[PDB]
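[1] Experimental coordinates follow, after the sequence.
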Amino acid sequence: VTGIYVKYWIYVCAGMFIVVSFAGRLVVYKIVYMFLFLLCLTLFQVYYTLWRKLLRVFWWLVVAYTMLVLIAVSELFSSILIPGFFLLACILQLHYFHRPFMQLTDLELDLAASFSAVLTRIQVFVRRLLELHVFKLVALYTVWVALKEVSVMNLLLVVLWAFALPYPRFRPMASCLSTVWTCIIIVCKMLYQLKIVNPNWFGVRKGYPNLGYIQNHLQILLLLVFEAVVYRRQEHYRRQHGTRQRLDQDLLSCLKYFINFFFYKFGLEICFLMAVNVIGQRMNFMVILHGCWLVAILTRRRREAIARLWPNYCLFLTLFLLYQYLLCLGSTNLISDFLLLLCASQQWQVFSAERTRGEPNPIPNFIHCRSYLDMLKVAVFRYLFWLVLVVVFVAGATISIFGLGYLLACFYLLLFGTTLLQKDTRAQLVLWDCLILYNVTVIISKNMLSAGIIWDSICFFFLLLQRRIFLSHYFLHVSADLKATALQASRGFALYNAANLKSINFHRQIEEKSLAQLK
């Protein structure tokens, strides 16, 4: 208990600074003290050496605050309980928790196993997803900036995020510099709430309540500081304390080999899917140019020429995003377009990972006999190639103002699916590319009207999934079934002939016995 009472210092101080607002109007009394304290904590964290080594600055800030507030000054019973207890909690830390909470941060009934293992593994996955939470901080930053209320030059901070997203030379330096620029933006935000207003690059919204007009920037710089705290805890956990082949034992190892590499050879597919959702949601000629370049970057075949266009993909993203935000300035569609740029940035990052029969060999074993692969592995590998025609048909249901062509297409496919696997993969991929092209025509065609987007997008999604299947040497042994089932049919026909001959000569003898009985 003494560790929990001697370590919980910085978060409780930030809680005092967060609940220490609204003791008067916009002055140096309540809010500006907490703003300067959060800015001092930001300078201590981003100065890369005062993460826990500015106890002189902490004690001197407590000393200056208590000295000015105690030698300077129903309404006089909570402010002395606010800042009086602020100085009292600073001195109570100086007597209890300024030595222990700052010295330990140096650099020199069986739920307990699930609790500790989940804590350590959630910390590890939270670091690997704290790169992704720098991305999610960009996400919530824009989703509060351009989707709820415009912050203090929100275009500038979201633009810092915007060129921070695709570039790894920016990311470690520009992450801390973005925390510093968001802290300076919060300083300029709380310095803009003055009372001399005398009542397009400022947007002074005249913040009334003096608490709500900072939380979209205070929580933003605080999320960047939570990322900085995760980086510091990453350094601390580094100083202290599935395989691509071992997935074939159970479904949890499949989930481990999935979660480690969920975007690895899946990425550009989900990129195109998010592009499809963006084109569906945006409804603009900007989305028409977006879909023109997206379908053009689909129009070449492999994962190699498009891999050369993928730095050019990041190039048109960086050419598009800032101009789009400033042109809307002087949307939520732009927020999900930034999410699309985030997925494309992730792909542009991890494309060239050259660090790292065969697995095709246990697969004809793995079409009937597995621990738990086959129940899902060939339900994927066989019982989706028909289900795609079901979702083609329901896309032709809802609304088919012209969807009859893909009804006739799934008619041809529904007749020809037994033998289209029996084609070789060249013509298979030819006809699949033809089919996905004739799909992605119609979405941009339904963008040229100035509903029914989701079923076409889901059809497209399953089409990318089967394209991954139809390349794969994992699928070749499911395809090897079809040569056998094409060959052995006449033997089964002769088996039905022999079985019904057995039935007829089973019934003739019964009738002979009954006629003998009657005679």
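    Good, I have the coordinates. Numbering: from 1, shown residues only.

[2] Could you use CA atoms for every contact and neighbour count after this?
    Fine.

[3] Residue 92 versus residue 37, what's the distance?
    From residue 37 across to residue 92, the span is 18 Å (CA to CA, to the nearest Å).

[4] residues near residue 493, how many?
    Using other CA atoms under 10 Å, residue 493 has 11 neighbouring residues.

[5] So it belongs to a helix, correct?
    Yes. According to DSSP: H, G, I helix; E, B strand; the rest coil, residue 493 belongs to a helix.

[6] Keeping just the C-alphas, turn the one helix or strand residue 64 maps to into CSV.
    Element membership for residue 64, per DSSP states H and E: helix 55-72. Output in CSV follows, covering the C-alpha atoms of helix 55-72 (Å, rounded to 0.1, in the frame of the first residue of the first chain):
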residue,chain,number,x,y,z
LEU,A,55,13.1,17.7,-9.0
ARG,A,56,14.8,21.1,-8.7
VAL,A,57,12.3,22.4,-11.2
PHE,A,58,9.4,20.6,-9.5
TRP,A,59,10.2,21.8,-6.0
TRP,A,60,10.9,25.3,-7.4
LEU,A,61,7.6,25.4,-9.2
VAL,A,62,5.8,24.3,-6.0
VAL,A,63,7.8,27.0,-4.2
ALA,A,64,7.0,29.8,-6.6
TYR,A,65,3.3,28.9,-6.8
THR,A,66,2.9,28.5,-3.0
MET,A,67,5.0,31.7,-2.3
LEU,A,68,3.1,33.9,-4.7
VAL,A,69,-0.3,32.5,-3.8
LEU,A,70,0.3,32.6,0.0
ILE,A,71,2.1,36.0,0.2
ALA,A,72,-0.3,37.6,-2.4
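
[7] wait, what's in contact with residue 321?
    Residue 321 makes contacts with 162, 334, 338, as judged by CA atoms under 8 Å, 6 or more residues apart in numbering.

[8] I'd like to know how far the last one sits from residue 463.
    Read that as residue 338. For residue 338, the distance to residue 463 equals 25 Å [CA to CA].

[9] One more: the second one?
    When distances are taken as CA to CA, residue 334 and residue 463 turn out to be 27 Å apart.

[10] same deal with residue 231?
    Distance from residue 231 to residue 463, by CA to CA: 40 Å.

[11] Between these two, point out the one with more neighbours.
    More crowded of residue 231 and residue 463, by other CA under 10 Å: residue 463, with 20 against 16.

[12] excluding its backbone neighbours, what's nearest that one?
    Once flanking residues are discounted, residue 463 sits nearest to residue 436: 6.8 Å by CA to CA, 6 or more residues apart in numbering.

[13] Count residues in the vicinity of that neighbour, would you?
    Neighbours of residue 436 using other CA under 10 Å come to 17.

[14] Next: residue 24.
    Counted with other CA under 10 Å, the neighbours of residue 24 add up to 12.

[15] give me phi/psi at the nearest residue to it once chain neighbours are set aside?
    Once flanking residues are discounted, residue 24 sits nearest to residue 30: 7.1 Å by CA to CA, 6+ apart. According to degrees, to the nearest 10, the main-chain angles of residue 30 amount to phi -110, psi -60.

[16] just residue 248 next, same as before
    Dihedral pair for residue 248: phi -90, psi 50, per degrees, to the nearest 10.

[17] pretty sure it is in contact with residue 257, am I right?
    No. Assessed by CA atoms under 8 Å, residue 248 is found out of contact with residue 257, at 9.7 Å.

[18] hang on, the earlier thing: now tabulate the contacts of residue 321 in a markdown table and tack on distance to residue 290.
    Rendered in a markdown table, the data for the contacts of residue 321 read as follows (distance: CA to CA, whole Å):
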| residue | distance to residue 290 |
| --- | --- |
| 162 | 18 |
| 334 | 12 |
| 338 | 13 |
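
[19] Out of the residues you listed, name the ones that lie in helices.
    If you go by DSSP state H, those have 162, 334, 338 in helices.

[20] Just the buried residues of the residues you listed.
    Burial by neighbour count, judged by 16 or more other CA atoms under 10 Å, picks out 162, 334, 338 from the ones in helices among the contacts of residue 321.

[21] Show residues contacting the helix holding residue 64.
    Identification of contacts with helix 55-72 by CA under 8 Å, 6+ apart yields 83, 84, 87, 90, 91, 94, 98, 102.

[22] One more pass at 7 Å, please.
    Helix 55-72 is contacted from outside by 87, 90, using CA atoms under 7 Å, 6 or more residues apart in numbering.

[23] Show me how far that helix is from its chain's centre.
    44 Å (CA atoms, centre = their mean, to the nearest Å).

[24] Past that helix, which element shows up next along the chain?
    helix 83-92.

[25] For that next one, which helices and strands make contact with it?
    helix 55-72 (3 or more CA pairs under 7 Å, 6 or more residues apart in numbering; DSSP states H and E).

[26] by how many degrees do the helix it packs on and helix 83-92 diverge?
    150 degrees (axes from the mean of the first three to the mean of the last three CA atoms, to 10 degrees).

[27] What is the neighbour count of the closest residue to residue 421 other than its chain neighbours?
    The shortest distance from residue 421 to any non-neighbouring residue, by CA to CA, 6+ apart, is to residue 479 (6.3 Å). The tally of other residues near residue 479 (other CA under 10 Å) stands at 19.

[28] ok, now residue 427?
    There are 11 residues near residue 427, going by other CA under 10 Å.

[29] Can you give me the distance of it to residue 470?
    For residue 427 relative to residue 470 (CA to CA), the value is 11 Å.

[30] Over to residue 197?
    66 Å.

[31] and what of residue 143?
    Distance, residue 143 to residue 470, by CA to CA: 38 Å.

[32] Over to residue 190?
    Taken as CA to CA, the span from residue 190 to residue 470 is 58 Å.

[33] Could you name the helices and strands sitting against the longest helix anywhere in the chain?
    Assignment by DSSP H gives helix 111-145 as the longest helix of the chain. Applying 3+ CA pairs under 7 Å, 6+ apart, we find helix 111-145 packed against helix 154-164, helix 212-239.

[34] by contact count, what packs against the longest one?
    With contacts defined as 3+ CA pairs under 7 Å, 6+ apart, helix 212-239 has these neighbours: helix 111-145, helix 171-190.

[35] With mean neighbour count as new columns, can those helices be given to me in JSON lines?
    JSON lines is the format used below for those (neighbours: other CA atoms under 10 Å):
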{"stretch": "helix 111-145", "mean neighbour count": "16"}
{"stretch": "helix 171-190", "mean neighbour count": "20"}
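
[36] and of those, who's closest to residue 271?
    helix 111-145 (15.5 Å; CA to CA).

[37] now the closest residue to residue 310 other than its chain neighbours: how far from residue 454?
    Of all residues not flanking residue 310 in the chain, residue 348 sits nearest, at 6.6 Å (CA to CA, 6+ apart). According to CA to CA, residue 348 stands 27 Å off from residue 454.

[38] which one of these two has more residues nearby?
    Remark: of residue 348 and residue 454, residue 348 carries more neighbours, 19 against 14, as counted by other CA under 10 Å.

[39] Could you give the separation of stretch 195-212 from the chain centroid?
    35 Å.

[40] Report the separation between the two terminal residues of that stretch.
    Using CA to CA, the two ends of stretch 195-212 sit 17 Å apart.

[41] count of residues packed around residue 414?
    14.

[42] actually residue 150, not the one I typed
    Residue 150: 18 surrounding residues under other CA under 10 Å.

[43] what do you get for residue 269?
    Neighbours around residue 269, by other CA under 10 Å: 18.

[44] Also residue 267?
    Considering only other CA under 10 Å, residue 267 is surrounded by 19 other residues.

[45] any idea which helix or strand carries the closest residue to it other than its chain neighbours?
    Leaving out its chain neighbours, the residue that sits closest to residue 267 by CA to CA, 6+ apart is residue 347, at 5.9 Å. Following DSSP H and E, the helix or strand that holds residue 347 is helix 332-350.

[46] what comes up buried for the following helix or strand past that helix?
    Downstream of helix 332-350, the first helix or strand assigned by DSSP H and E is helix 374-381. In terms of neighbour count (16+ other CA under 10 Å), helix 374-381 has its buried residues at 374, 377, 378, 381.
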